[PDB]
Every structure is written in structure tokens, then in C-alpha cells.
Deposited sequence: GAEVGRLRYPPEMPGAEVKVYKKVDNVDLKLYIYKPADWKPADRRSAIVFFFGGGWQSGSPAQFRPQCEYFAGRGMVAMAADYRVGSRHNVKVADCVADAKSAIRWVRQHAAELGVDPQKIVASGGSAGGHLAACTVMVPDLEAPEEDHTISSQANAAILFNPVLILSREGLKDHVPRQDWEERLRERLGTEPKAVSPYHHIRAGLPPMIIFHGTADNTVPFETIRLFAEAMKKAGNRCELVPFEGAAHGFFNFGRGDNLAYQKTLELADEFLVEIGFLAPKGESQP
């Protein structure tokens, strides 16, 4: 992976300007797309510990879901190795991207109620924050436009950043305020999570505990273990793309199930 990324075929849009950085979305439109469409959308946030990473990470997935009829995009967001930011700033950027897509839904051919947030590791944390972590919004945006996504698809996310009830210098808030686990509650959007049982960076148990508490609150939170798999197992090019193909087909089925995508 390289940064800056190369996204051939993508329409580039600046979704946020902050400290003289133009943050871009890379948009992959489906065949027969028209502005008047009301398609589901998916916004991918790359991983990289809130420090590095590249939007190119989820370029293959964007091309897949565009091929299936969604408006699929990969968002850039600020990260520590490039910008003077903390985790809470990345959250604000991720929320800005969801808000921007909803705000621009009509020009994007998008149903503002069918916006999916997705990502891997730190990017999976950001996607989770856009469905359940309150506040941390850009202060000058229009908060009457919701930044909350309507579903989530998480690839070994980080969901617990605080040991309360169970890099702190670079969270930018008290740990609970950026910890999805600490905001579990009823009435949340549906989500599916893929995680390797042998993940040595983000322990599988933290995700199992999250999903159990989330089901107890009545939420559709499906955790799919990948037996013996390590961190990053799902990426294109890893293994023999078996896990890559498998997470796509399970994510596809999840989107058809919740009514965001038509069956193949």
C-alpha cells in the first residue's frame, strides 16, 4: 500500500477542509448510475493505528460493491504520522464523511437512510464510532444533518479503548469517549463484524464481549469468527484471497438481508 493512494476510475471529492488539508473521498459509481437514483452507499475507512494507512486498502472492496449497485467510497482522514491529530480528530473526520455523503445524497444518487460505514482495525473503530459514539463532531458543521451511519461492516475493529468497568496521550479525550464498547445501547443500527480468533493485536475476546452485550441490548450484531486467523486476514492479497472472498460474500449477504442490496 502507498500513501498518497492511486484510485484509478474513482471520482474525487473534497469532503472536509481542516487546517489547510483537503480530505478526499474516492467514489466508485455503479453502472447505469443516475443522480436521481436512491442507492445504498458504503464508506470505507482504512486501518493503520490512527497513525498511517491508505485509502487504497479498500479499493478492491469498493470496486466489488460498486459492481453490485452501491455507491462505494474510500475516505481519507487525518492520521498521526502526517497531521498533528489524536484519535478524537480521526473520529470527527469519519463523522464528517458520513455527514457529507448524507448531505450530498441527492447529487450522489444515494438513499440518505442506506449509508453503510465500514473499515479495518482503526478504520473499523472509526466506522463503529459513526454508528454509536456520540459527539466528537466537527464544530462548524451542520449538526442537524446526522453523521450516524445506517449500518456497519467491521473488519477486525478496535472496539474497546478503556479498561473502565472490566497512546492514551494521543486519544485526545478521556478514553471512554472514544470507546464504542462504552456506548452500547438499544436502538443501534445493524452491523456485521469479521475477526480472526488468533488476532494478537486486537484480542478476539474484546469483540466477542462487545457483540454479546450488543445482542443483549436488542441490536443485530453478527460476529463471524475466522478460525486461527491473524490480524489483517481479510485484506486483498492475503492468504490466497480466500478470506477476502469470504468476507465479501458474507458482507453482501448481510446487506441483502437488511434490505440495502438486491440479491444476485
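- Missing from the model, by position in the deposited sequence, are residues 1-6, 173-184, 283-287.
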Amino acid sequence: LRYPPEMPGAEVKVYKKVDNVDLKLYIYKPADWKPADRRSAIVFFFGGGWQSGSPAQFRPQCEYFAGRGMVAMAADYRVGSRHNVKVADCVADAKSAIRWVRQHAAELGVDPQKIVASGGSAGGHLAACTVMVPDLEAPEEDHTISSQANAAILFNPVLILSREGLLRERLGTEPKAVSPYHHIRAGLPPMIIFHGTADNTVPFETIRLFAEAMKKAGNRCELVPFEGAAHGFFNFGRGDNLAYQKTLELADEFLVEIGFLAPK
From here on, numbers count along this sequence of modelled residues.
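- For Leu167, the fraction of other compared entries lacking coordinates, among those that model flanking residues, reaches at least a third.
- In this entry, 79-87 has the higher mean Cα B-factor, the comparison being between 79-87 and 95-103.
- Remark: stretch with higher mean C-alpha B factor among 57-65 and 235-243 is 235-243.
- The residue among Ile42, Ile27, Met214, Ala198 whose C-alpha atom has the highest B-factor in the PDB entry is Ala198.
- Between the residues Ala117, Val71, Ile184, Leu167, the entry's highest C-alpha temperature factor is the one at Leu167.
- Among all modelled residues in this chain, the alpha-carbon of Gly48 has a temperature factor (C-alpha) in the lowest third.
- Among the modelled residues of its chain, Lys176 has a C-alpha B-factor that falls in the middle third, as given in the PDB entry.
- Among all modelled residues in its chain, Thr130 ranks in the lowest third by Cα B-factor.
- In the deposited entry, the Cα temperature factor of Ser146 sits in the bottom third of values across the chain's modelled residues.
- The PDB entry assigns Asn156 a C-alpha temperature factor belonging to the lowest third of its chain's modelled residues.
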